[PDB]
Amino acid sequence: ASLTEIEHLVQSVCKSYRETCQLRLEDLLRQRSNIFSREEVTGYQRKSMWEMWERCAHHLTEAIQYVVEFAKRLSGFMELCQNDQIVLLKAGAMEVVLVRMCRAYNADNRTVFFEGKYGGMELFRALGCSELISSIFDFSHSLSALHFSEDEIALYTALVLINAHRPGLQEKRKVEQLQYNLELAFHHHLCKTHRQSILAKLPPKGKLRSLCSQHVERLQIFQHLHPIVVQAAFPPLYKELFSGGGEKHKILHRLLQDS
Ligand SMILES: CC(C)=CCN(C(=O)N(C)[C@H]1CC[C@H](c2ccncc2)CC1)c1cccc(Oc2ccccc2)c1
Ligand code: NA
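- Method of determination for the deposited model, per the PDB record: X-ray crystallography, at 2.335 Å resolution.

## A few points about the UniProt feature "short sequence motif: AF-2" in the protein
Logical step 1: Using the residue numbers shown here, the UniProt feature "short sequence motif: AF-2" corresponds to residues 237-242.
Logical step 2: For residues 237-242, the end-to-end C-alpha separation is 9 Å, with 100% helix and 0% strand making up the annotated structure.

## Comments concerning unusual backbone geometry
Logical step 1: With phi around 70 degrees, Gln22 is a residue other than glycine that occupies positive phi space.
Logical step 2: Backbone geometry at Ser259 places phi at a positive 55 degrees, although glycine is not the residue there.
Logical step 3: With respect to the helices and strands, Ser259 occurs in the segment after α12 (251-257).

## A word on the site of ligand 1
Logical step 1: Not every one of the 21 residues close to ligand 1 is listed here, only the nearest: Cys21, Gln22, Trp53, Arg100 and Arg103.
Logical step 2: Here a nitrogen atom of ligand 1 and a side-chain polar atom of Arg103 are 2.8 Å apart.
Logical step 3: Contact with the protein chains hides 96% of the accessible area of ligand 1, taken as 700 Å² for the molecule alone.
Logical step 4: Its atoms largely coinciding with the cavity grid, ligand 1 occupies the largest pocket.
Logical step 5: Elements supplying a minimum of two residues to the shell around ligand 1: α4 (49-72), α5 (82-100) and α6 (130-146).
Logical step 6: The leading source of residues in the shell around ligand 1 is α4, at four residues.
Logical step 7: Looking at side-chain class alone, the shell around ligand 1 contains 16 nonpolar, three polar and two charged residues.

## A few points about the layout of surface pockets
Logical step 1: In this structure, the largest pocket spans a volume of roughly 940 Å³.
Logical step 2: Around the largest pocket, the lining comprises 35 residues; the ones closest to its centre are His59, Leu60, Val97, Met101 and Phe114.
Logical step 3: Elements with a minimum of two residues in the lining of the largest pocket: α4, α5, β2 (111-114), α6 and α9 (205-225).
Logical step 4: It is α4 that provides the largest number of residues to the lining of the largest pocket, a total of seven residues.

## As for the coordination of the sodium ion (ligand 2)
Logical step 1: Note on the sodium ion (ligand 2): its protein donors are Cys102 (O), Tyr105 (O) and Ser144 (OG). The metal-donor distances range over 2.1 to 2.8 Å.
Logical step 2: Expressed as a motif, the donor residue spacing for the sodium ion (ligand 2) is C-x2-Y-x38-S. Placement of the pair is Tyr105 in strand β1 (residues 105-106) and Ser144 in helix α6, with a sequence separation of 39 residues.
Logical step 3: Residue class for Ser144 comes out buried when judged on its relative accessible area of 16%.

## Regarding the packing of aromatic side chains
Logical step 1: In this structure the tally under the stated criterion is twelve aromatic pairs.
Logical step 2: Centroid distance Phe222 to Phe234: 5.7 Å. Interplanar angle 10 degrees. Geometry classified as stacked. Within this pair, whereas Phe222 is found in helix α9, its partner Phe234 is found in the loop between α10 (227-233) and α11 (236-242), the two being separated by twelve residues in sequence.
Logical step 3: Overall, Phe222 belongs to the buried group, its relative accessible area being 2%.
Logical step 4: Judged by relative accessible area, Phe234 falls into the buried class, the value being 4%.
Logical step 5: A centroid spacing of 5.4 Å and a plane angle of 80 degrees characterise the contact between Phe234 and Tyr238, whose relative ring orientation is edge-to-face. Here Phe234 and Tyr238 have matching classes, each one buried.
Logical step 6: In this structure, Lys47 packs its charged tip against the face of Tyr44, placed 5.2 Å from the ring centre.
Logical step 7: Above the ring of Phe70, the side-chain terminus of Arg100 is found at 5.6 Å from the ring centroid.

Cut-off values and rules
Residues numbered from 1 in each chain as written, not as in the entry; some residues may be left out. Chains lettered and ligands numbered in written order. Heavy atoms only, no water. Residues with missing side-chain atoms left out of burial classes, pairs and counts. UniProt positions renumbered as here; feature names shortened; annotations may be inferred. Helix = DSSP H or I, 4+ residues; strand = E, 2+ residues; numbered from the N terminus. Near = heavy atom within 4 Å. Polar contact = N/O pair within 3.5 Å; in protein donor to acceptor, adjacent residues only side chain to side chain. Areas by Shrake-Rupley, 256 points an atom, 1.4 Å probe, with all protein chains shown as cover. 1 Å grid on protein atoms, 1.4 Å probe; cavity = no way out; pocket = protein on both sides within 12 Å on 5 of 7 lines; lining within 4 Å. Sits in = over half its atoms within 2 Å of the grid points. Nonpolar A, V, L, I, M, F, W, Y, C, P; charged D, E, K, R; others polar. Points joined across faces, edges and corners; volume = space filled by probe spheres on them. Donors = N, O, S within 2.8 Å, 3.2 Å for Na, K, Ca; no water. Buried < 20%, exposed > 50% of the residue type's maximum accessible area, 1.4 Å probe, protein only. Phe/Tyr/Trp six-rings, centres within 6.5 Å; stacked < 30°, edge-to-face > 60°. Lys NZ or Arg CZ within 6 Å of the ring centre and 35° of its normal.

Structure (structure tokens):
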């Protein structure tokens with residue numbers, strides 16, 4: 001790689017992210033005053049556990065679909081073989097979503113934008129997975145302290161996805177080369193903007209790994225309690241990525257062949 005090749009990669013990654021960021025940051029910032037009232041919070045707590053699980057799985061599935069589009073527009077991703085594209089998305093799409101979520105998190109009052117308004121952890125009490133919920137809020141709180149720019153989220157989420165250590169990669173050297181160029185693009189941009197200090201403050205990879213692991217652990221607990229709800233009302237892509245065995249569906253393959 002070269003310098004001009006890396007500067008071109010920065011603008012390419014940022015462009016691919018702007019086209020797929022799902023929610024406008026300005027919209028999220030303007031809605032900070034719009035907070036769920038105590039009566040609305042009580043309504044969410046009164047909903048059944050299985051209805052809250054269905055709505056959250058639907059919101060995650062929608063967010064993951066924008067991450068799949070981010071990957072398809074990400075330089076070098078479609079050059080990889082279809083096995084490696086699927087391995088990288090199965091392992092990283094949820095992680096990219098968890099990072100993108102800090103844009104919807106307000107560290108001032110410890111609330112998150114959810115279904116039109118901002119609400120705290122107590123909004124999600126009906127799910128019956130308080131440890132997972134608090135972990136999600138803590139992770140978003142950690143990233144808020146860094147004051148990420150939009151270009152920084154673009155370059156960082158690209159690296160979260162292009163991880164040459166994921167098990168099952170067939171062309172490991174090809175993914176290594178792509179990750180190295182993206183790492184250079186990230187660091188070059190942090191150097192050009194005098195933001196290298198955040199490198200030591202980025203969360204360890206095990207933090208994103210623990211979140212995904214908790215989500216699968218809590219999903220299995222819920223699937224045991226309401227199996228027909230998962231079977232009949234959860235999104236098919238969600239079941240393919242997270243529920244055992246849900247893998248037979250082949251939705252990821254269709255999203256990648258499309259468009
Ligand atoms: C449980 C909870 C606190 C919230 C429900 N939900 C959720 O808010 N989302 C998916 C948003 C993720 C961030 C998205 C976005 C995109 C771009 N810019 C800003 C934000 C917008 C959708 C969510 C979060 C994280 C794991 C998750 O998976 C679960 C969790 C519990 C049960 C089932 C699935 C859902
Ligand atoms: Na934030």
